[PDB]
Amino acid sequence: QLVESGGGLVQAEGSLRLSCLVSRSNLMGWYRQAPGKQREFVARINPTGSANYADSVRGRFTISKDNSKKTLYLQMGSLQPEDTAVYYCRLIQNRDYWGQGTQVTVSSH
């Protein structure tokens, strides 16, 4: 089993969308590592109820999964400079399956 990612680089106020391919009582989310700083939680979906977001990103980001297609998205909207980080995909079922983490750097133009 593996975990994947799809994103890139874009300017401020953007709308970058991220993907994961997972290839049941589980929990999955996103984490980002800003350079020189500690790894950070951004958001999760415990399928039990709904999803939680990090305080940095309350109303700008949104998580989801198309159970039909083994995929998981973080929608990034109203982006800023501060969210420049490698962005990891992560699924805890009975093991911590992490992901390599696509880069996302945002400029102001």
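The numbering used is simple: start at 1 and walk along the sequence shown.
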(message) Residues without coordinates, deposited sequence, stretch from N94 to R95: is the count none, 1 to 3, 4 to 9, or 10 or more?
(response) none
(message) Comparing average C-alpha B factors as deposited, tell me which of 86-94 and 7-15 sits higher.
(response) 7-15
(message) Ranking every modelled residue in this chain by its Cα temperature factor as given in the entry, which third contains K69?
(response) highest
(request) Quick one: classify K37 as lowest, middle or highest third of the chain based on its Cα B-factor. (result) highest
(message) Among the modelled residues of this chain, does the Cα B factor of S50 put it in the lowest, middle or highest third?
(response) highest
(request) Would you check the entry's CA temperature factor for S23 and let me know if it's in the chain's lowest, middle or highest third? (result) highest
